[PDB]
Amino acid sequence: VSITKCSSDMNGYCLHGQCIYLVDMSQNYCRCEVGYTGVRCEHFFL
């Protein structure tokens, strides 16, 4: 369990989800809303 939140000008990928940051894999980790139809929270299938 090692992750962090995001800052400003950093929300341009995940629209429906929380922004996070992987420390073991220094990269942008955005958790989408459980219920979307893509691994990028953008189009709601339901």
# chains A, B, ... in the order shown; residues from 1 in each chain; ligands from 1

$ residues_around --residues "residue 26 (chain A)" --least-positions-apart "3" --cutoff "12 Å" --atoms "only C-alpha atoms" --output "PyMOL selection string"
chain A and resi 2-4+20-23+29

$ residues_around --residues "residue 43 (chain A)" --least-positions-apart "5" --cutoff "10 Å" --atoms "only C-alpha atoms" --output "list in words"
residues 15, 16, 35, 36, 37 and 38 of chain A

$ write_last_selection --atoms "C-alpha atoms" --output "short mmCIF file (atom, residue, chain, number, x, y, z; two decimals), in the first residue's frame"
data_model
loop_
_atom_site.label_atom_id
_atom_site.label_comp_id
_atom_site.auth_asym_id
_atom_site.auth_seq_id
_atom_site.Cartn_x
_atom_site.Cartn_y
_atom_site.Cartn_z
CA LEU A 15 -12.79 12.02 -15.63
CA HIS A 16 -14.79 9.79 -13.24
CA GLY A 35 -19.41 0.78 -13.09
CA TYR A 36 -17.78 2.37 -16.17
CA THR A 37 -17.05 0.36 -19.34
CA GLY A 38 -13.38 1.31 -19.85
#

$ select_by_dssp --residues "chain A" --states "strand (DSSP E)" --output "PDB file with N, CA and C atoms, in the first residue's frame"
ATOM      1  N   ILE A   3       0.826   4.687  -2.202  1.00  0.00           N
ATOM      2  CA  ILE A   3       0.373   5.565  -3.319  1.00  0.00           C
ATOM      3  C   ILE A   3       0.140   6.991  -2.805  1.00  0.00           C
ATOM      4  N   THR A   4      -0.057   7.928  -3.691  1.00  0.00           N
ATOM      5  CA  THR A   4      -0.278   9.336  -3.247  1.00  0.00           C
ATOM      6  C   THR A   4      -1.340  10.011  -4.120  1.00  0.00           C
ATOM      7  N   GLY A  17     -13.238   9.373 -11.428  1.00  0.00           N
ATOM      8  CA  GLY A  17     -12.420   8.500 -10.540  1.00  0.00           C
ATOM      9  C   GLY A  17     -11.510   9.368  -9.667  1.00  0.00           C
ATOM     10  N   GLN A  18     -10.747   8.756  -8.801  1.00  0.00           N
ATOM     11  CA  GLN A  18      -9.836   9.545  -7.922  1.00  0.00           C
ATOM     12  C   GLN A  18      -8.410   9.518  -8.481  1.00  0.00           C
ATOM     13  N   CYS A  19      -7.715  10.621  -8.413  1.00  0.00           N
ATOM     14  CA  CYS A  19      -6.321  10.658  -8.944  1.00  0.00           C
ATOM     15  C   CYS A  19      -5.335  10.168  -7.880  1.00  0.00           C
ATOM     16  N   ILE A  20      -4.419   9.317  -8.254  1.00  0.00           N
ATOM     17  CA  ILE A  20      -3.426   8.800  -7.262  1.00  0.00           C
ATOM     18  C   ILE A  20      -2.038   8.728  -7.915  1.00  0.00           C
ATOM     19  N   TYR A  21      -1.061   8.190  -7.229  1.00  0.00           N
ATOM     20  CA  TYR A  21       0.304   8.104  -7.824  1.00  0.00           C
ATOM     21  C   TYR A  21       1.045   6.873  -7.292  1.00  0.00           C
ATOM     22  N   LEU A  22       1.495   6.014  -8.167  1.00  0.00           N
ATOM     23  CA  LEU A  22       2.221   4.790  -7.715  1.00  0.00           C
ATOM     24  C   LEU A  22       3.677   5.116  -7.363  1.00  0.00           C
ATOM     25  N   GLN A  27       4.080   6.546 -11.679  1.00  0.00           N
ATOM     26  CA  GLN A  27       3.205   6.842 -12.845  1.00  0.00           C
ATOM     27  C   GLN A  27       1.850   7.356 -12.348  1.00  0.00           C
ATOM     28  N   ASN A  28       1.028   7.844 -13.233  1.00  0.00           N
ATOM     29  CA  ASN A  28      -0.300   8.364 -12.801  1.00  0.00           C
ATOM     30  C   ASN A  28      -1.294   7.214 -12.622  1.00  0.00           C
ATOM     31  N   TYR A  29      -1.758   7.008 -11.421  1.00  0.00           N
ATOM     32  CA  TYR A  29      -2.735   5.911 -11.173  1.00  0.00           C
ATOM     33  C   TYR A  29      -4.106   6.510 -10.860  1.00  0.00           C
ATOM     34  N   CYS A  30      -5.008   6.473 -11.799  1.00  0.00           N
ATOM     35  CA  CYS A  30      -6.359   7.049 -11.552  1.00  0.00           C
ATOM     36  C   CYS A  30      -7.399   5.933 -11.419  1.00  0.00           C
ATOM     37  N   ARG A  31      -7.980   5.786 -10.259  1.00  0.00           N
ATOM     38  CA  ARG A  31      -9.009   4.721 -10.078  1.00  0.00           C
ATOM     39  C   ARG A  31     -10.341   5.198 -10.659  1.00  0.00           C
ATOM     40  N   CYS A  32     -10.874   4.489 -11.615  1.00  0.00           N
ATOM     41  CA  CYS A  32     -12.167   4.920 -12.223  1.00  0.00           C
ATOM     42  C   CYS A  32     -13.339   4.532 -11.318  1.00  0.00           C
TER      43      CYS A  32
END

$ atom_distance --atom1 "CA of residue 24 (chain A)" --atom2 "CA of residue 1 (chain A)"
9.8 Å

$ atom_distance --atom1 "CA of residue 6 (chain A)" --atom2 "CA of residue 44 (chain A)"
23.4 Å

$ residues_around --residues "residue 13 (chain A)" --least-positions-apart "2" --cutoff "9 Å" --atoms "only C-alpha atoms" --output "PDB file with C-alpha atoms, in the first residue's frame"
ATOM      1  CA  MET A  10      -2.669  16.836 -13.339  1.00  0.00           C
ATOM      2  CA  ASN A  11      -6.329  15.914 -13.957  1.00  0.00           C
ATOM      3  CA  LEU A  15     -12.788  12.022 -15.626  1.00  0.00           C
ATOM      4  CA  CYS A  30      -6.359   7.049 -11.552  1.00  0.00           C
ATOM      5  CA  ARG A  40     -10.077   5.270 -18.253  1.00  0.00           C
ATOM      6  CA  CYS A  41     -13.399   6.410 -16.679  1.00  0.00           C
ATOM      7  CA  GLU A  42     -14.901   8.398 -19.580  1.00  0.00           C
TER       8      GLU A  42
END
